[PDB]
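Protein chains in written order, with the deposited numbering: chain E, 245 to 342; chain F, 260 to 399; chain A, 257 to 409; chain C, 263 to 310; chain D, 250 to 329, 375 to 468; chain B, 246 to 294.
All residues carry an ideal CB built from backbone N, CA and C; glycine is no exception.
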Amino acid sequence: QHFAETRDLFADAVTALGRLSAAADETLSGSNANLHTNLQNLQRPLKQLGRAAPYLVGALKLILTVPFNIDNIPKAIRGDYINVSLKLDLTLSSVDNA
Amino acid sequence: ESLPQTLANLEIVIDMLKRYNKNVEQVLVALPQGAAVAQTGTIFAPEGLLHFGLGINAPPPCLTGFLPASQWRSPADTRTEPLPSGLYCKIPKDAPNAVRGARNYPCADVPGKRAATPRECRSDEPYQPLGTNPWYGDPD
Amino acid sequence: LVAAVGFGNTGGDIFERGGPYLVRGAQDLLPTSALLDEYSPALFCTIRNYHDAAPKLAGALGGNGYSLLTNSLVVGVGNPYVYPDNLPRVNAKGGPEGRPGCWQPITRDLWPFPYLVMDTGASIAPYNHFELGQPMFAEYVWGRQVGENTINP
Amino acid sequence: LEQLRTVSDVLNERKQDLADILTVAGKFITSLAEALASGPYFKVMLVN
Amino acid sequence: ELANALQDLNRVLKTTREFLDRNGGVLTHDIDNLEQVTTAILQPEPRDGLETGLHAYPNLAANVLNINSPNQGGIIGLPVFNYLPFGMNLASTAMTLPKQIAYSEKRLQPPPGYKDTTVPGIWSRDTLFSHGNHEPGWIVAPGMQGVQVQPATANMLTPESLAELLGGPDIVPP
Amino acid sequence: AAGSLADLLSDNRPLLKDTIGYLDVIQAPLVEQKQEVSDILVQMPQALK
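Rendered as structure tokens:
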């Protein structure tokens, strides 16, 4: 008698679980092996980035803009023109290498 | 309303990386050699080497597609200004000057085309130069 | 049963909206995952060397605090880039000694960085001797120049 | 998950800075890289 | 079939309850913050900025690697009506040495009797009269299709490797 | 769906474990130095302009 009272609720529960599980199954089957290959590939870069994690924050000072350092851009570059100090070295070794 | 958007945005980023895979590979190749180059050029700690090139006007720089001369600012003003967009050399690929400039950059998504920006790589309107760079002003 | 109704409906809507995105993202991540896996050894040493060169370039910028300290010795420049032969390429791959990696740190005992050539469309490998610049002279009126443009100078 | 939480917090605080980084770096990289195009060097203008 | 199913269902329900009670707030916070930052960096202007960055940075990396000269160290740059009608370039100094060049891919290393040129992968003959496109017999590295060459550099390239610069198959070095 | 989830877990449990560990070791210095990260992120756009 109780089941006959709640038959519609049981049907709704089963249909809702099925609606969830259909999409869940399609998504899990559509990415079961791509995920495994992606993880197996990315394991090595994760280990190397873990090795190089402490130096990462310091490297961000230079790893994006390599010739320049972000710390001292505002004072060296005064707008349109870059201020540079020229040491025109005419040493014998410098001319020999040049 | 967040996890679908997170996954959509991750998909967009991964798609853009996939369409530009060769560029990422080139950058990952160039970075360690850039570190070695900086290490070599910073042997003298306070001063880093920067040489000068002899020869006068071997390639003449182009003023086509850049800011007009009358719009230049004196070096006295340290005041910053909003940097414009769409500035590059606009010569019709001619002369040795600026051969590897913006206009000759390969388009990664669209094979067999070279254009400065992906907005122009994707656009099918033909790339025409703003003008040949002259020696007597009026680069327009 | 009622909690299952609610949970099933909510999860179903979530998965319907965010399943194709995850599937195609995990599909498009395979080439870049392989790319990043191939260049694993060029990561730790690269980060370490950039970290160690950050203070050395910072001292050069900040030793004065108002300009940049550089040594300028006069040198001769190579031949200007020619039109068809020197178009850009993005086919660069590999690292030193044929495999990705880093050199040992550049001390003063071993100064010069071994030059690396990659599929780019430009190089400075053959400049092992003194020769005159092939476009030695030029004119910018009628574009008539002496010398022959070359990729083998 | 907690250390990821604090990293994500400090990154969400600066998402707008990241957007500005990308916006400016996409609007000057072409003009700046234009200099090193005519040869195996970069042009410079010396106003002194 | 049913006893193990019931017991394992009970255990997984308990485990899911504990795991959710412990990690749900932080997991949701991470998802929300990730969504906000990615939506911020995928706006129209950041989108086209990232597009142009990935489109035009590797060229910058290649050119800044090409500017550096190992023999003299550091970088090289030359100073600059728009300009003078006439130009000059006296000479090109020795930037590198034969014992300093290293090859990114082992397929790029020239075989005996050949030397590299200023377009990577194109190998020329190393003779005394081989300066300024004057000694024929140039061969091309494997997998170097799609590089246009001017007629002068095409004349010395041999027909097989000249075709390879447009055709598919790669030539066989002697 | 139950079968698919069981298969995915059975295949990717060790790889997810290793990825969790490596994410931990990557993120420990990032958390310990969060102020530097925030400061450089604030600093970079003006330098870039």
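query                                                                                                                          : result
Own chain, CB closer than 7 Å to E:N327, minus 5 neighbours either side, in chain order                                        : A320
Chain I contact residues for B:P274, given Cβ-Cβ distances below 8 Å                                                           : Going by chain labels, chain I is absent from the structure shown, which instead holds the protein chains E, F, A, C, D and B.
C:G288 Cβ short of 6 Å to the ligand ATP heavy atom set                                                                        : What this structure holds is no ligand at all, so the ligand ATP is not there to describe.
Min CB distance C:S270 to chain A below 7 Å                                                                                    : no
Close-in-space but distant-in-sequence residues of the same chain around D:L276 (CB under 6 Å, 5 per side omitted)             : none
is_contact[C:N274, chain D] using C-beta, thresh 7 Å                                                                           : yes
Which of helix, strand or coil DSSP assigns to A:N327                                                                          : strand
Proximity of A:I362 and F:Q298 at Cβ, strictly below 7 Å                                                                       : yes
Delimiting residues of the beta strand (DSSP E) encompassing D:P328                                                            : 324 to 328
The alpha helix (DSSP H) enclosing A:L299, as first and last residue numbers                                                   : 297 to 318
Cutoff 6 Å; reference E:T259; Cβ partners in own chain excluding five residues on either side                                  : none
Minimum C-alpha distance to D:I280 - residue among F:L262, F:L326, F:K372, F:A295                                              : F:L262
Short CB-CB distance (under 7 Å) between E:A260 and chain A                                                                    : yes
Backbone CA spacing between E:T271 and F:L276 [nearest angstrom]                                                               : 22 Å
Cβ neighbour criterion (16 or more within 10 Å) applied to A:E353                                                              : exposed
Chain C within 7 Å of A:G403, Cβ atoms only                                                                                    : no
Nearest-angstrom beta carbon gap, D:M389 and D:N308 [assumed within contact, 8 Å]                                              : That pair is no contact at about 20 Å.
Boundaries (first-last residue) of the beta strand (DSSP E) holding A:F369                                                     : Neither: A:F369 is in no beta strand (DSSP E) and is coded neither H nor E.
Beta carbon of E:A257 nearer than 7 Å to that of A:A260                                                                        : yes
Min CB distance A:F300 to chain F below 7 Å                                                                                    : no
Anticipated Cβ contact below 8 Å, C:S300 with A:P336, distance rounded                                                         : 6 Å
Amino acids of chain E, ordered along the chain, whose beta-carbon sits closer than 9 Å to that of B:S283                      : The contacting residues do not exist; B:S283 stays about 11 Å from chain E at best.
E:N278 versus A:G319 - alpha carbon distance                                                                                   : 52 Å
Residues bridged to E:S329 [DSSP beta-bridge criterion]                                                                        : A:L325
Runs of alpha helix (DSSP H) lying entirely within the stretch 276 to 334 of chain E, each at least 4 residues, in chain order : 276 to 295, 300 to 303, 317 to 320
Identity of the residues DSSP links to B:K262 by a beta bridge                                                                 : Paired residue(s): none; B:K262 is not in a bridge.
Whether F:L309 touches A:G332 by CB criterion (7 Å)                                                                            : no
E:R251 to E:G262 span [Cα, whole Å]                                                                                            : 16 Å
Per-residue contacts from D:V329 into chain F (C-beta, under 7 Å)                                                              : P320
D:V434 (DSSP reduced to helix, strand or coil)                                                                                 : strand
Limits of the unbroken alpha helix (DSSP H) element including C:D279                                                           : 277 to 295
Extent of the continuous alpha helix (DSSP H) to which A:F271 belongs                                                          : 258 to 274
From B:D269, B:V287, B:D263, B:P274, residue whose alpha carbon lies closest to that of E:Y299                                 : B:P274
8 Å contact criterion, which A:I407 and D:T387 should meet: CB distance rounded                                                : In fact, because the Cβ distance is near 18 Å, the residues do not count as touching under 8 Å.
When A:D341, A:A348, A:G334 are compared against D:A385, the one with the closest alpha-carbon                                 : A:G334
D:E300 beta carbon less than 7 Å from that of F:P370                                                                           : no
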